[PDB]
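Consider the single chain below, provided in structure tokens and representing the form deposited in one PDB entry.
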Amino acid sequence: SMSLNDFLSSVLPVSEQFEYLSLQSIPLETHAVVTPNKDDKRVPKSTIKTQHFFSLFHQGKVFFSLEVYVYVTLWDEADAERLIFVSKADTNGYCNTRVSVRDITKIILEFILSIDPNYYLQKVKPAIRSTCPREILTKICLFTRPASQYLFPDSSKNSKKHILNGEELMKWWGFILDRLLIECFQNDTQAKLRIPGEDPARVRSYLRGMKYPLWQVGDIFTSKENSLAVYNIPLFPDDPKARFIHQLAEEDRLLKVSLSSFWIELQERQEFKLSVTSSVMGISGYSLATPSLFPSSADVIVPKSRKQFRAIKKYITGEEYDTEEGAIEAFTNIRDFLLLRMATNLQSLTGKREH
């Protein structure tokens, strides 16, 4: 079982020096990721949410960042689900070398994917029952909407900062989740793609080119397309789907709109209506190898205080990247904050993948 350090270096340029930040929050007991339904024999007992924020630096300059949320949902002193929600991924082009951002991300997901679900449960206070890893349903959800910046304010400037476009960006993640499906899930895992830009048979035309045999247009919350959105759509942070659901609660329509019309109406919300190409990817299956990794001090650093967490992360999402000064400052601040208030050095690693 590899470490984050082993995973990373394995996909970063050969013999090159990089240092990374693996910031995790303290597992928290919060509300159901999906609005509960009274007429449902099943209503979750516990929904443990926790955030993973990663950062990669190259010679004192941060150039990439990934914001991921993991939801561990427990139902009947036996059943459990772990949803890995990819929220934000951004670059700022300030690394003197060229790296495969597509690969870094995939590997960071393979890592988060290998974390034993009880790792999050044990940290929760008071103690929360433990489920069996070999049989926890695992899901990945992501919403691809290309943008200027997401974690690095104003990095849009920096002449050389590749920014994919809706479609380009949709084939990028596509490649990643496909690679994950192939080497991490079982032969019967649900793999869904849905582009509310329409062309139902155009999505199909694209999925044909995937390696995993089971991609299908659709999402992983839609079973019976006539069910009510509210009881099936998950409400993630800063997510477009959640946005629409709260709109639907203003207009007292929650009880009226079905999943079917939900997607049809989701597009015209100014978030779409032609404006850029957005897609919704989803995976729901069982891991190939049962997850049993418990992150170390080297794999993850967990500031003990939601405040201290927000502080460290602020040092990245709070800079000015209209210039390379920000990339340098972000680095400095973190390395310095770590070494001076947590007695910890940014994990360092030499590349390893040839060309």
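Think of the rigid core as the biggest set of C-alphas that the two forms share within 1.5 Å after superposition. One rule holds for the numbers: they count along the sequence shown, beginning at 1.
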Residue stretch of maximal mean CA temperature factor, 4-12 vs 344-352:
344-352
Mean CA B-factor: is it higher for 280-288 or for 263-271?
263-271
Between 108, 137, 203, 242, which carries the biggest CA temperature factor in the record?
203
Highest recorded C-alpha temperature factor, please, choosing from 174, 234, 117, 197.
197
Split the chain's modelled residues into thirds by Cα B-factor; residue 99 lands in the highest
Can you work out whether the C-alpha temperature factor of residue 327 puts it in the lowest, middle or highest third of the chain?
highest
Mind checking which third residue 35 falls in for C-alpha B-factor across the chain?
lowest
Quick check for you: using the entry's CA B-factors within this chain, is residue 165 in the lowest, middle or highest third?
highest
Of the three thirds of its chain by CA temperature factor, lowest, middle or highest, which one includes residue 159?
highest
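Only in words, not in the display: the form deposited in another entry, which the text now covers.
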Hey, after the core superposition between the shown form and the other one, which of 118, 149, 190, 105 has the C-alpha moving 2 angstroms or more?
149
Residue 216: Cα shift of 2 Å or greater between the shown form and the other one (core-aligned)
no
Verify the C-alpha shift of residue 272 between the shown form and the other one: is it 2 Å or more after superposing the core?
yes
Over in the other structure, so in the other form, do residue 175 and residue 225 pull closer or drift farther apart at the C-alpha level? The difference is 3 angstroms or more.
farther
With a change of at least 3 Å, which way does the C-alpha separation between residue 85 and residue 148 go in the other form: closer or farther?
closer
